[PDB]
Amino acid sequence: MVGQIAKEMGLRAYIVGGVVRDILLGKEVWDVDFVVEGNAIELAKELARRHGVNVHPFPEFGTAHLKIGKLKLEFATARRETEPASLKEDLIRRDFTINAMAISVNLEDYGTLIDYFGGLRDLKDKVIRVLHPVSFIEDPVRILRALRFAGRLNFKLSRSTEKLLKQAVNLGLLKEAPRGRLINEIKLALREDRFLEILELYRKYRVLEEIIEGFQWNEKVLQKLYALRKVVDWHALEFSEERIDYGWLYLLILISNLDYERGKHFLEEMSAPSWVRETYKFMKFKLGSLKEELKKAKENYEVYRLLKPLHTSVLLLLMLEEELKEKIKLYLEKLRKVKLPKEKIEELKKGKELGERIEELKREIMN
RNA sequence: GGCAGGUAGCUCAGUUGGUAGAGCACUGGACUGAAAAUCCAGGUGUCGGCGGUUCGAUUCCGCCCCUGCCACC
């Protein structure tokens with residue numbers, strides 16, 4: 001119906017940006033971005049009125065947000081910067097060729113893909129390419145972004161793009177960039193399932209040393225990241241109903257050997273989840289003594305005592321130890337399974353004495 | 001899309017999971033020609049909603065509701 005409204009107003013609207021990419025990648029998304037030649041606000045308001053849904057106009061940005069069902073729609077007016085602007089002018093300010101395409105929702109040309117810069121070819125050849133060599137200089141954050149994209153889609157940077165990226169990092173433009181944008185981009189990165197590869201690309205071009213203070217790369221951390229890779233694989237395989245955010249664990253591994261001050265400050269800027277901060281603060285000190293206690297663990301009940309109060313993240317951190325791996329495994333799918341019948345429980349009750357008694361019964365069952 | 005706040009009618013605290021609170025409106029009676037003040041007391045509440053784990057969830061976790069702000073595709 002968007003093309004109908006675009007016809008009545010005599011305008012031109014286009015599905016734009018990564019959405020189009022995700023459409024060509026066979027990925028369905030509930031968030032759609034539009035570029036409209038002429039006023040986008042009136043189009044969004046009319047569309048929202050015809051569907052009888054609340055509209056959220058933003059005149060200063062020239063954009064409007066409206067939610068239809070699960071679909072989150074954002075209409076934007078064509079602009080030549082971050083005179084009327086043609087679609088091509090709006091597409092030329094974008095970062096990568098694969099993000100620079102558009103599809104027309106206008107009724108006559110409906111279904112046609114509009115590619116000016118040959119982004120379709122770069123999507124075909126799995127190439128991450130900038131439109132202009134001045135790209136990274138304008139928006140330094142894109143440095144991460146490209147890598148992140150190169151992480152997710154498993155594509156490869158163009159030689160021009162790569163040289164421009166290396167030259168961009170060498171000038172230290174990553175430091176001059178706003179902290180919030182960078183941190184946000186990293187937060188976007190750690191949510192990917194391929195985020196490990198993104199970390200590999202981060203290590204190759206050494207972008208993490210610039211953002212984080214006092215951070216350096218070594219082999220132990222990397223092998224720890226692959227061990228964590230295997231652990232994450234198995235845990236997300238069998239226990240998948242219990243799944244949590246895995247990226248923050250990698251982030252903890254990277255900052256493990258780093259100073260505690262810069263670590264807490266980093267978690268402060270990144271706005272890490274509570275359990276992440278807790279896992280880190282427990283890792284910096286208590287983890288050593290904990291592991292040493294797990295080494296002294298003989299009976300299953302002492303293991304139960306030294307494990308159960310801890311979160312899942314701590315356990316996954318303990319799975320890095322080869323000696324403790326089969327023990328934690330024994331703890332997960334075996335060491336905790338239990339229930340009790342009626343009569344017996346009723347006899348157990350004949351405050352805290354009840355719970356302690358229960359613990360005594362469990363330690364009686366285990367060993 | 002991520003991070004705080006959600007506790008009475010309003011303004012607000014509360015973590016090793018273990019049987020909840022302040023200050024003023026609410027009912028009832030002692031008090032009064034009536035009313036209020038004040039006294040005894042006591043509702044001050046499924047501590048957002050729905051499930052899950054647990055002997056037991058305001059707390060652990062998951063999906064969502066609301067409000068405010070930071071961030072922007």
# chains A, B, ... in the order shown; residues from 1 in each chain; ligands from 1

$ interface_residues --of "chain B" --to "chain A" --cutoff "9 Å" --atoms "only C-alpha atoms (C1' of nucleotides)" --output "MDAnalysis selection string"
chainID B and resid 2:3 18 55 60:62 71:73

$ closest_atom_pairs --of "range 46-99 of chain A" --to "range 118-129 of chain A" --cutoff "7 Å" --atoms "only C-alpha atoms" --output "JSON lines"
{"residue": "A:96", "atom": "CA", "partner": "A:129", "partner_atom": "CA", "distance": 5.5}
{"residue": "A:97", "atom": "CA", "partner": "A:119", "partner_atom": "CA", "distance": 4.3}
{"residue": "A:98", "atom": "CA", "partner": "A:119", "partner_atom": "CA", "distance": 4.7}

$ write_last_selection --atoms "C-alpha atoms" --output "compact mmCIF listing (two decimals), in the first residue's frame"
# COMPACT_ATOMS: atom_id res chain seq x y z
CA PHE A 96 29.86 0.00 2.14
CA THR A 97 28.75 -1.04 -1.35
CA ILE A 98 26.62 -3.88 0.02

$ select_by_dssp --residues "range 25-105 of chain A" --states "helix (DSSP H, G or I)" --output "PyMOL selection string"
chain A and resi 40-50+87-91+97-99

$ atom_distance --atom1 "CA of residue 201 in chain A" --atom2 "CA of residue 147 in chain A"
6.1 Å

$ residues_around --residues "residue 95 in chain A" --least-positions-apart "4" --cutoff "10 Å" --atoms "only C-alpha atoms (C1' of nucleotides)" --output "NGL selection string"
:A and (17 or 91 or 99-100 or 128-132 or 135-136 or 138-139 or 142 or 145-146)

$ write_last_selection --atoms "C-alpha atoms" --output "mmCIF file, in the first residue's frame"
data_model
loop_
_atom_site.group_PDB
_atom_site.id
_atom_site.type_symbol
_atom_site.label_atom_id
_atom_site.label_comp_id
_atom_site.auth_asym_id
_atom_site.auth_seq_id
_atom_site.Cartn_x
_atom_site.Cartn_y
_atom_site.Cartn_z
ATOM 1 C CA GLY A 17 20.274 0.120 3.567
ATOM 2 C CA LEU A 91 23.024 6.243 -1.403
ATOM 3 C CA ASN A 99 24.811 -1.319 2.188
ATOM 4 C CA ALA A 100 24.535 1.181 -0.665
ATOM 5 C CA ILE A 128 33.579 -5.331 1.499
ATOM 6 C CA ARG A 129 34.281 -2.102 -0.370
ATOM 7 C CA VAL A 130 34.060 1.594 0.484
ATOM 8 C CA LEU A 131 32.459 4.018 -1.972
ATOM 9 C CA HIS A 132 35.133 6.692 -1.608
ATOM 10 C CA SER A 135 35.262 7.066 3.960
ATOM 11 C CA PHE A 136 37.131 5.980 7.104
ATOM 12 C CA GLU A 138 34.882 10.882 7.858
ATOM 13 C CA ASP A 139 33.580 8.198 10.222
ATOM 14 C CA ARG A 142 33.303 2.366 10.403
ATOM 15 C CA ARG A 145 31.997 -1.805 11.441
ATOM 16 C CA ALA A 146 33.641 -3.188 8.304
#

$ residues_around --residues "residue 40 in chain A" --least-positions-apart "5" --cutoff "12 Å" --atoms "only C-alpha atoms (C1' of nucleotides)" --output "MDAnalysis selection string"
chainID A and resid 2 5:6 9:14 33:35 45:47 57:59 61:65 73:79

$ write_last_selection --atoms "N, CA, C and O atoms" --output "short mmCIF file (atom, residue, chain, number, x, y, z; two decimals), in the first residue's frame"
data_model
loop_
_atom_site.label_atom_id
_atom_site.label_comp_id
_atom_site.auth_asym_id
_atom_site.auth_seq_id
_atom_site.Cartn_x
_atom_site.Cartn_y
_atom_site.Cartn_z
N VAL A 2 2.14 1.08 0.35
CA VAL A 2 3.09 2.19 0.39
C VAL A 2 3.26 2.81 -0.99
O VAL A 2 3.36 4.03 -1.13
N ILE A 5 0.24 5.12 -1.82
CA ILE A 5 0.37 6.43 -1.19
C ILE A 5 1.45 7.24 -1.90
O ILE A 5 1.31 8.45 -2.10
N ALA A 6 2.53 6.57 -2.28
CA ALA A 6 3.61 7.22 -3.02
C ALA A 6 3.13 7.68 -4.40
O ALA A 6 3.66 8.63 -4.96
N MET A 9 0.64 10.89 -3.73
CA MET A 9 1.43 12.07 -3.42
C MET A 9 2.42 12.38 -4.53
O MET A 9 3.05 13.44 -4.53
N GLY A 10 2.56 11.45 -5.47
CA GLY A 10 3.49 11.61 -6.57
C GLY A 10 4.94 11.61 -6.10
O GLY A 10 5.76 12.39 -6.58
N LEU A 11 5.24 10.72 -5.16
CA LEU A 11 6.59 10.63 -4.61
C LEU A 11 7.25 9.30 -4.97
O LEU A 11 6.66 8.46 -5.65
N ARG A 12 8.49 9.13 -4.52
CA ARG A 12 9.24 7.91 -4.77
C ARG A 12 9.86 7.40 -3.47
O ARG A 12 10.71 8.06 -2.88
N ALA A 13 9.43 6.22 -3.03
CA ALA A 13 9.94 5.64 -1.80
C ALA A 13 10.75 4.38 -2.10
O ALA A 13 10.45 3.65 -3.04
N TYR A 14 11.80 4.14 -1.31
CA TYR A 14 12.67 2.99 -1.53
C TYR A 14 13.08 2.31 -0.23
O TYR A 14 13.54 2.97 0.70
N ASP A 33 13.87 0.33 6.75
CA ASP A 33 14.24 1.72 6.54
C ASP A 33 13.89 2.18 5.13
O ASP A 33 14.15 1.47 4.15
N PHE A 34 13.30 3.36 5.02
CA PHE A 34 12.86 3.90 3.74
C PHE A 34 13.54 5.23 3.41
O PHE A 34 13.85 6.02 4.31
N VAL A 35 13.77 5.46 2.13
CA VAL A 35 14.25 6.74 1.64
C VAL A 35 13.23 7.29 0.65
O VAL A 35 12.92 6.65 -0.36
N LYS A 45 2.95 9.51 8.08
CA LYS A 45 1.76 9.89 8.82
C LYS A 45 0.49 9.39 8.13
O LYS A 45 -0.44 8.93 8.78
N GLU A 46 0.47 9.48 6.80
CA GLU A 46 -0.66 8.99 6.02
C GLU A 46 -0.77 7.48 6.13
O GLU A 46 -1.86 6.93 6.28
N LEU A 47 0.38 6.81 6.04
CA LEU A 47 0.43 5.35 6.17
C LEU A 47 -0.03 4.91 7.55
O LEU A 47 -0.72 3.90 7.70
N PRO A 57 6.54 11.39 14.60
CA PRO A 57 7.23 12.34 13.73
C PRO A 57 8.48 12.96 14.36
O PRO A 57 8.49 13.28 15.54
N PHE A 58 9.51 13.12 13.54
CA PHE A 58 10.74 13.80 13.93
C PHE A 58 11.15 14.77 12.82
O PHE A 58 11.89 14.40 11.91
N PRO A 59 10.64 16.02 12.90
CA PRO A 59 10.85 17.06 11.89
C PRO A 59 12.30 17.50 11.74
O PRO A 59 12.76 17.72 10.62
N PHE A 61 15.06 15.80 12.35
CA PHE A 61 15.77 14.74 11.65
C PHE A 61 15.19 14.55 10.26
O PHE A 61 15.88 14.13 9.33
N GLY A 62 13.90 14.86 10.12
CA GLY A 62 13.20 14.68 8.87
C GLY A 62 12.78 13.23 8.69
O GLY A 62 12.55 12.78 7.57
N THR A 63 12.69 12.51 9.80
CA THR A 63 12.35 11.09 9.75
C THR A 63 11.13 10.81 10.62
O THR A 63 10.78 11.62 11.47
N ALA A 64 10.47 9.68 10.40
CA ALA A 64 9.30 9.33 11.19
C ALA A 64 9.24 7.83 11.47
O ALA A 64 9.51 7.01 10.58
N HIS A 65 8.90 7.47 12.70
CA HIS A 65 8.84 6.06 13.09
C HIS A 65 7.42 5.61 13.39
O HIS A 65 6.70 6.28 14.13
N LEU A 73 8.71 0.35 11.19
CA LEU A 73 8.97 1.11 9.98
C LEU A 73 9.55 2.49 10.28
O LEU A 73 9.03 3.23 11.12
N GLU A 74 10.64 2.81 9.58
CA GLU A 74 11.26 4.12 9.69
C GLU A 74 11.35 4.79 8.33
O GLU A 74 12.05 4.31 7.44
N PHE A 75 10.64 5.89 8.16
CA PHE A 75 10.68 6.64 6.90
C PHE A 75 11.64 7.82 7.01
O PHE A 75 11.57 8.61 7.94
N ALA A 76 12.54 7.93 6.03
CA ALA A 76 13.53 9.00 6.04
C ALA A 76 13.50 9.80 4.75
O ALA A 76 13.24 9.27 3.68
N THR A 77 13.78 11.10 4.87
CA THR A 77 13.84 11.98 3.71
C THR A 77 15.24 11.94 3.11
O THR A 77 16.23 11.96 3.84
N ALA A 78 15.31 11.88 1.79
CA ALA A 78 16.59 11.83 1.09
C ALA A 78 17.42 13.09 1.34
O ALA A 78 16.95 14.20 1.13
N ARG A 79 18.65 12.89 1.79
CA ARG A 79 19.55 14.01 2.09
C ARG A 79 20.97 13.72 1.61
O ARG A 79 21.40 12.56 1.59
#
